[PDB]
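Residue numbers (our numbering), protein chains in the order written: chain A, 3 to 147; chain B, 20 to 68; chain C, 3 to 582; chain D, 16 to 249; chain E, 38 to 291; chain F, 939 to 1154; chain G, -16 to 0.
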Amino acid sequence: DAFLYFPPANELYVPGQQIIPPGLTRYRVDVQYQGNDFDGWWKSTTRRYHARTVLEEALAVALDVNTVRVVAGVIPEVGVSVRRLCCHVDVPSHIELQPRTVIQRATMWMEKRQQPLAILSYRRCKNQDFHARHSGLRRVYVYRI
Amino acid sequence: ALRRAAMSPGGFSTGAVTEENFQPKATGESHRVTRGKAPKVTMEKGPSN
Amino acid sequence: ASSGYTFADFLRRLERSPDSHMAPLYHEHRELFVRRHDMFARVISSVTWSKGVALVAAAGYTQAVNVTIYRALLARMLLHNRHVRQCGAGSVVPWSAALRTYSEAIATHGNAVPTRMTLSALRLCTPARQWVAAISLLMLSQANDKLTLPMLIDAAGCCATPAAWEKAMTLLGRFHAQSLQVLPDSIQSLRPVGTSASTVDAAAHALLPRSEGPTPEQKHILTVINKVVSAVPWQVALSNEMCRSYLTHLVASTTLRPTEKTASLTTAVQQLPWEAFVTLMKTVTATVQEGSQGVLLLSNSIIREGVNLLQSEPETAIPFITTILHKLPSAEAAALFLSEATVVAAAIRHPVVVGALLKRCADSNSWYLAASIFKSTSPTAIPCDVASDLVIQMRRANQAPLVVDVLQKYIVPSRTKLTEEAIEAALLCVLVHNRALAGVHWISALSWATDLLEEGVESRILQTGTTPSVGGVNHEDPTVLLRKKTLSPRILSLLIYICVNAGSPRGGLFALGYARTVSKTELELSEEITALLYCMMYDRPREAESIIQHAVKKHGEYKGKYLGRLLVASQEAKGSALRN
Amino acid sequence: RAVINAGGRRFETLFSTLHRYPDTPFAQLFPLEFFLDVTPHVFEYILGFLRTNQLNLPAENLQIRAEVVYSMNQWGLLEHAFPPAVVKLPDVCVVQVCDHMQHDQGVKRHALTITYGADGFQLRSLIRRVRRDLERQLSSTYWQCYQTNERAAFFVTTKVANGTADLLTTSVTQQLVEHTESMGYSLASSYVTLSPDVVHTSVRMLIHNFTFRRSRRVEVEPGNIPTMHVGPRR
Amino acid sequence: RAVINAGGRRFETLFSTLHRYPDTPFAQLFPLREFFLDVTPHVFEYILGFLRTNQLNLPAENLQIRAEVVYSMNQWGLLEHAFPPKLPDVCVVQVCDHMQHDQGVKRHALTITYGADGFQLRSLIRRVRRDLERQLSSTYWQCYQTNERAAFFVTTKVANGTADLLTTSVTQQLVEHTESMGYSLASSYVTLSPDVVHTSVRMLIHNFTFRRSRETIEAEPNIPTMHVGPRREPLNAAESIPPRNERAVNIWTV
Amino acid sequence: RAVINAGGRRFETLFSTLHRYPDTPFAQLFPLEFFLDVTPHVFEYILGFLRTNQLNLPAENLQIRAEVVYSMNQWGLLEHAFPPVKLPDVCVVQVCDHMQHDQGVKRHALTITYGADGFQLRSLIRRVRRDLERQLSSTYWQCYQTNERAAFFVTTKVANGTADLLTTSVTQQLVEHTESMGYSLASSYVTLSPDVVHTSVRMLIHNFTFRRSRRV
Amino acid sequence: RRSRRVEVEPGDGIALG
């Protein structure tokens, strides 16, 4: 039978690209929050919680990993809201949790901790050359007066 | 930030290696401190008319 | 910061990554390779030959690689050839690649190259029998004032092909002309004068090392002589003093282990006709029963060969029967000889005789005779290539239960390992047999997919603290990190289907995760498959059909048939579970 | 069928071919072999026009052009040959490549634009060609290429290294010239000028100018919505 | 076998030659005696040449005959297989020079780049190295391949005439090497930029465009080793020689 | 007498004509009618060269010139056409003019360099000396040979009009000498340093390409 | 470039034997 053989998706390389380590795979998480709540995404130097860290905790507990790192295509200032911030995370390739489950668990953890950040989407990358920053070619902001 | 960005490469590039182009890293200071270690251009503002 | 990689981790990253990533990883860890040729050679020796070639090609445009690197690359190619020879699964190194590497080393260094590199190139060209390449290397080296007798013998071994085998004969003739005594010394060391039927008993007892006989140089020379005598026509094979002496001394000898005796004897006598073979065997047995002479239809012949062995009955000369097994005209005849032949009866269960029979029937059909042999309940370590070819033939025969039972009762015991395609065929047979039953558990299939798989490459990455140290006392013996098995997408599909038919889709999820982790092998519709198995585990048929609809609408109409087939498989499995 | 004997040559052709215009002096002179006092050389052009409906006159042969025109005007065929974008590829094409290159020590950045003097040059095909030859040479995250309008193609690269910038530019120019010539041209000349920018110190603009003459090669030739509102809208 | 009679000529061809593309209407129109074709004999000459060689060269100068050849070949549907829908026919070579000029002495470091992969930069580098070794010491310059399509050359502070000689030789060898591949230099040009604001560094961009027109080996490392005054290893250190006892007798002569 | 058949044209010529050079593979290609795969255009040039020991390649038709040269070299006849040190079929000439000025006295030095060695540059130096001794005194300019295939020419104190005279005269003599040696100019192109700010040196880089058409 | 006249000119004497 020819329907027992799912079509696959050796590997070629282009002099400079995203090398995903052998044990990890890059997923895209698109998130959302209000700027007036989270003291911004992340602070370089230190002298309300950072959205980056709270999202990291939610993703880590949802995925059942000790810790994960998330890098955003945009690092908005403090007080700047985000409607869809697209970022990527390198997670182990052995979890296989459905995006509905991952977002549900992350939302449950965030609601328990009463930190109002939403996770719009979670999805594996079809092309693993994706980089949330260096592959974003335009950014759309709106100022509302 | 702009001064550092001016003297910045685009991504990771290495080029060839020769016995003349060696770049020793025996600086004489801690590698834990990164203040003042960035490559920067000197800000130069041209004259107005 | 908190965590830091080690050279073992970097090597394992190299092993996991594709061949293309060699140059990028090289450049990223360029501080590791630029000035330390020693650990560059360590990396080449610890990674496969393809990645070694890629790494050398990358470093070519950045550093000035020295001849030690090409030495290590050729050594690694030779080691890969050796490992595939020992296993039976992989493929020998392309002679074109070996010659290209040698020519590149010549062009970068030339005369500075050792002649040991020339030996390695000749030995790497030997398996493909590239006599023109061997002659080209010989001419190059002798013009550059480096011609040597080891190169001459290796070139004779390469030229032993039946096309221009007289060239190999002339090469050996000149080699002897220079070294008048080396060939006779090798033959007499293969059969020392003193050793007799009394000495062989103590030699096989092996209560003391007793290292005496063929020195390793003699062994290499004897292997070359073996190939040359094997490839010659049977007229000259007896006309020439050297060929006849080699055959007579090889047939009567115990300085070699029985496995080596089988290999060399079968190779040497591959080309003989049956009547000449029998005549020579009988003459050698007669002269052996008379002493030692220095030198430098089917049913009846079967019975007389059995008598030839039974007239001396040494436990050592077991493979006397394997050689005639190989020389026997047919596989049914081989089974007949096995049946009639029944210490000699104890020799039947030796792995070598069964392997010889399986090899003999593999060439023709190895379907029903092989089935009878396996059902004869003699689980032993059969060769991987022969077992894979046998399972491939049975899969071609389109009969599942025999394959499934033969595997489950003969293969998983004795730790005989199949090939990737043989594993795929066996898993297909398992799937169809379980569907017909709707008895091998999905856990057993998962374990078989990895444990029974035999990749052609070898694990070579020693652990960090276990390498033979240049300082301090090594706590632990050098332990090699077994390179993780990689799953094909085809094998992954069969594993998923087997798990879903046997129930738990969590096994299929585990298999998909393992494949993705080890080789980043992700199916074109893995998201849909994962969602389907997810909803299947929790009994959501409406959600499953909604997913089918959306997959057809998004990916396309054709790609939806695979998912629908998964649906029907799941429905069959759970319906059968409820009905039973 | 019909055999036509002319001053120096013998021909045979078909009555339907001769009668493709039944109302003309041709069909009147061939009412169901013959001889004409037109040069055999001038006759092939007319015969090819009748058989194919193409009468591209020879510019190099001004005479034979004149006699072809004279015979067709006398026999009333010129008004049918010439009855009263890619309309036509001009005999000379000027293509201008303006690229602002910024040059730091080991770094180079490029913003290049390609413009043609005329339409019909399959600039989309050129874009695909350049993408094919560059997506294997360096990641698309660094560089970007598309057509801005008709006659215009654009090629951007963020801060990129020296050697790879050289590779990108050499490849893009290779593809530009290959495409323009392959579509039926030949590089008559090429010249460049260079300017410093009014704002930045390390940036300058190169203006390349390529003049292509038609050469008529042997091989065949051809001849997303931006957001506007945030709140829900009816 | 098969007879064709065009206006001014007669041709004889095999049924196989005519049917080289049977399913095409060209072949289908003659299913296996004299055959009449209205096409011009010179058009049929090119068509038959393509059928006999599978290579078609349209007449460039005679755009008329080119037009009827195309028209007949399209009406007969054979042009599609004549042209389906290595090295490229054009080669663009770029050179970028970084020059520094003191009073009367000049140094240049130039990178050479090609437009395609097929070109043997190894051979180009070897040619340049041989033509420069006997003219000027390696201590003042280098030349090695940096990429499959790129190469490098440098000099140190050296008199203006010497720098001009080195660059002229490099470009002469570049043109000779690229022409050896069947390419004739169609066009070229040069550009010199101002010097950097606070530095004497100048940039010279030099371009060539080529159009396609159609034994002892020397060991040489890609990346060279600079030679300080005294040798750090014996003169013969490079050579490896097999053991004298192990040596063997010649198999060939001369 | 033999016949040579090409793509679509026919020729015939004497056995002596074809054997003018017997050792050549072209000669052995005619072992005492014949068919060749070269274009008749390419064949006519080589046949005329055999007939009359004449060769004048078309510099205006690069395709034809390259085909003819490759055919003759592959047939071992190009060496007999251009007997020698072998002159390249393409030569590059670099003329770099370095302009300086100190304390108001402006000078400039021209450096001519050839790509190859076979050129006789003492003759060009001779010709330039002869043509400039009339236009100016030697106190204000000086030209000699730095080494093989490279020439130097300084002018320390020269008026504007006189410098314009010197430059054009030197270029005229260079091009005429190189073309007389058996070459023909194909392309010439120049560049200058914009450098509106003061620059310690200004550079005028002129490039000539010379393609081989005739001999001498 | 001087358009060579339709006549025999000096320097062209190399052509004649």
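Just so it is clear, CB atoms sit at the ideal spot from N, CA and C, and this is done for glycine as well.
For residue i: DSSP bridge partner residues
{"i": "residue 1079/F", "result": "1093/F"}
{"i": "residue 1044/F", "result": "1039/F"}
{"i": "residue 74/A", "result": "89/A"}
{"i": "residue 1049/F", "result": "1034/F, 1090/F"}
Range of the contiguous alpha helix (DSSP H) that encloses residue i
{"i": "residue 134/E", "result": "Per DSSP, residue 134/E belongs to no alpha helix (DSSP H); it is in the beta strand (DSSP E), 127 to 138."}
{"i": "residue 127/A", "result": "Unbroken run through residue 127/A: none, as it is neither H nor E."}
{"i": "residue 395/C", "result": "386 to 398"}
{"i": "residue 1116/F", "result": "1098 to 1118"}
{"i": "residue 222/C", "result": "218 to 233"}
Beta-carbon neighbours of residue i, restricted to chain A and to distances below 8 Å
{"i": "residue 13/C", "result": "The premise fails here: residue 13/C is roughly 12 Å from chain A at the closest Cβ pair, so nothing lies under 8 Å."}
9 Å Cβ cutoff, residue i in contact with chain E
{"i": "residue 52/B", "result": "no"}
{"i": "residue 190/D", "result": "yes"}
{"i": "residue 64/C", "result": "yes"}
{"i": "residue 39/B", "result": "yes"}
C-beta neighbour in chain D for residue i, strict 9 Å
{"i": "residue 95/A", "result": "no"}
{"i": "residue 190/E", "result": "no"}
{"i": "residue 242/E", "result": "yes"}
Endpoints, beta strand (DSSP E) assigned at residue i
{"i": "residue 85/D", "result": "Here residue 85/D belongs to no beta strand (DSSP E); instead the alpha helix (DSSP H) covers 77 to 89."}
{"i": "residue 16/C", "result": "Unbroken run through residue 16/C is the alpha helix (DSSP H), 9 to 18; no beta strand (DSSP E)."}
{"i": "residue 26/D", "result": "24 to 28"}
{"i": "residue 71/E", "result": "71 to 73"}
{"i": "residue 222/E", "result": "220 to 229"}
{"i": "residue 246/E", "result": "238 to 249"}
{"i": "residue 32/A", "result": "26 to 35"}
Proximity test, Cβ basis, 9 Å: residue i and chain F
{"i": "residue 125/E", "result": "no"}
CB contact check: residue i to chain B, cutoff 9 Å
{"i": "residue 124/D", "result": "yes"}
Proximal chain E residues relative to residue i, where beta-carbon distance stays under 7 Å
{"i": "residue 71/D", "result": "100, 101, 104"}
{"i": "residue 1139/F", "result": "138"}
{"i": "residue 196/D", "result": "127"}
Below-9 Å beta-carbon distance, residue i vs any chain G residue
{"i": "residue 1031/F", "result": "no"}
{"i": "residue 1154/F", "result": "yes"}
Listed by chain order, chain D residues near residue i by CB distance under 9 Å
{"i": "residue 42/E", "result": "27"}
Contacts of residue i in chain C (Cβ-Cβ under 7 Å)
{"i": "residue 59/A", "result": "Simply none; closest approach about 18 Å."}
is_contact[residue i, chain A] using C-beta, thresh 9 Å
{"i": "residue 159/D", "result": "yes"}
{"i": "residue 96/C", "result": "no"}
{"i": "residue 187/D", "result": "no"}
Within chain D, the residues that residue i reaches when beta carbons sit closer than 8 Å
{"i": "residue 28/B", "result": "121, 122, 174, 176"}
Listed by chain order, chain F residues near residue i by CB distance under 7 Å
{"i": "residue 134/E", "result": "Residues of chain F passing the Cβ test: none, with the nearest at roughly 10 Å."}
Contact list for residue i against chain E, beta-carbon separation under 9 Å
{"i": "residue 250/D", "result": "No information on residue 250/D is available, as it lies outside the stretch 16 to 249 that chain D covers here."}
is_contact[residue i, chain C] using C-beta, thresh 9 Å
{"i": "residue 97/E", "result": "no"}
{"i": "residue 70/B", "result": "Given that chain B is displayed from residue 20 to residue 68, the structure contains no residue 70/B and the question cannot be resolved."}
Within chain C, the residues that residue i reaches when beta carbons sit closer than 8 Å
{"i": "residue 100/A", "result": "532, 533, 536"}
Kindly confirm or deny that the region 422 to 441 of chain C and the region 59 to 72 of chain C touch, where touching means at least three C-beta pairs closer than 8 Å. no
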